[PDB]
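Engineer: One structure follows; several queries about it will come next.
Here the Cβ is made from the backbone with ideal geometry for all residues, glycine too, and neighbour counts use every protein chain on show. Every number here is computed from the coordinates shown, using simple stated rules; none is lab data.
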Amino acid sequence: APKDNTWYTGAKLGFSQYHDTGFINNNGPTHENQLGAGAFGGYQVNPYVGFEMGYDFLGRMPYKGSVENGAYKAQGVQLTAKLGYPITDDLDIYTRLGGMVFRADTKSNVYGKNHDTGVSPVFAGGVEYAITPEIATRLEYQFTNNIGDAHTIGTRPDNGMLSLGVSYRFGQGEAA
């Protein structure tokens, strides 16, 4: 069908170890964001280019059986153009870039607090994966060689933040 432009949605879990803004440690997986989950909308225009716009955050504890007290990664938006290309009729290699905005409720040890606010450009990349022709997963990563605050600062994990998730396409108006 002439459905070249096709919308989709998805949801993620994520993890962010990050020293480079910290306090120095020896061992210690020091972290800015630590972890989170998220929800996204997106489209493609064929297997050529597309977009993805969504929120990665930490809803205090999304378990809801109680909540975190403060400093949690309350909310944000990431709004990105995307590139995915298949390497088999199974999975795609994936990358996206655009902008981000962020807030986190900075009730904490006064000075011993999180980054409370942000706005910046953003990117991620990794893979996107077919599960059945209307349902997918993706796994995406954002890295730099962090100036990781530690004992003997050569010694860093050199590992970026990562997230992984499911996706589902907008159905209807579609044919082989």
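Engineer: Could you tell me whether residue 73 is farther than 20 Å from residue 160 by Cβ and in a loop (DSSP other than H, G, I, E, B)?
Structural biologist: no
Engineer: So, in segment 118-145, exactly how many residues are within 13 Å of residue 12 (Cβ to Cβ) and hydrophobic (A, V, I, L, M, F, W, C)?
Structural biologist: So the count comes out to 3.
Engineer: All but one of (1) acidic (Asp, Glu); (2) within 23 Å of residue 142 (Cα to Cα); (3) in contact (Cβ under 8 Å) with a residue 24 or more places away in the chain hold for residue 116; which doesn't?
Structural biologist: All conditions are met except number (3).
Engineer: Here is a follow-up. Among the residues of segment 58-90, count how many are among the acidic types (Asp, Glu) and free of Cβ contacts under 8 Å to residues at least 40 places away in the same chain.
Structural biologist: Total satisfying the criteria: 1.
Engineer: Kindly indicate whether any position in segment 154-174 is of a type in the set (A, V, I, L, M, F, W, C) and either surrounded by fewer than 14 Cβ atoms within 10 Å (Cβ to Cβ) or touching a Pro at 6+ places or on another chain (Cβ under 8 Å) (or both).
Structural biologist: Scanning segment 154-174, I find no residue that is of a type in the set (A, V, I, L, M, F, W, C) and either surrounded by fewer than 14 Cβ atoms within 10 Å (Cβ to Cβ) or touching a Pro at 6+ places or on another chain (Cβ under 8 Å) (or both), so the answer is no.
Engineer: It is to be established whether one or more residues within segment 101-110 are assigned to a loop (DSSP other than H, G, I, E, B), under 16 Å from residue 12 (Cβ atoms) and in contact with a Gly (Cβ under 8 Å, 6 or more places away or on another chain).
Structural biologist: No - not one qualifying residue is present in segment 101-110.
Engineer: Any residue at all in segment 115-129 that is of a type outside the set (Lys, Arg) and outside any strand (DSSP E or B)?
Structural biologist: yes
Engineer: Can you tell me which residue within segment 77-100, out of those that are over 18 Å from the mean Cα position of the chain (by Cα) and in a strand (DSSP E or B), is surrounded by the most Cβ atoms within 10 Å (Cβ to Cβ)?
Structural biologist: Applying the filter and picking the extreme gives 91.
Engineer: So which of 1, 71 ends up being aliphatic (A, V, I, L, M) and surrounded by 12 or more Cβ atoms within 10 Å (Cβ to Cβ)?
Structural biologist: Being aliphatic (A, V, I, L, M) and surrounded by 12 or more Cβ atoms within 10 Å (Cβ to Cβ) holds for just one of 1, 71, which is 71.
Engineer: Go through segment 132-176 and count every residue that is without any contact (Cβ under 8 Å) to a residue 24 or more places away in the chain and not in a loop (DSSP other than H, G, I, E, B).
Structural biologist: 3
Engineer: Kindly indicate which of 63, 43, 48 is out of contact with any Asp or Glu (no Cβ under 7 Å at 6 or more places or on another chain), farther than 14 Å from residue 163 by Cβ and surrounded by 15 or more Cβ atoms within 10 Å (Cβ to Cβ).
Structural biologist: Every option except 43 fails the conditions.
Engineer: Of all residues being among the aromatic types (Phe, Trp, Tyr) and assigned to a loop (DSSP other than H, G, I, E, B) in segment 1-29, which is farthest from residue 156 (Cα to Cα)? Just the residue, please.
Structural biologist: 23
Engineer: Within segment 30-47, count every residue that is within 30 Å of residue 171 (Cβ to Cβ), assigned to a strand (DSSP E or B) and not polar (S, T, N, Q).
Structural biologist: 9
Engineer: Only one of (1) of a type in the set (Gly, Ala, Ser); (2) under 21 Å from the mean Cα position of the chain (by Cα); (3) closer than 27 Å to residue 87 by Cβ fails for residue 118. Which number is that?
Structural biologist: Every listed condition holds for residue 118 apart from (3).
Engineer: Continuing with this model, one more query. Quick check, is residue 128 closer than 17 Å to residue 83 by Cβ and among the acidic types (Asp, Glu)?
Structural biologist: yes
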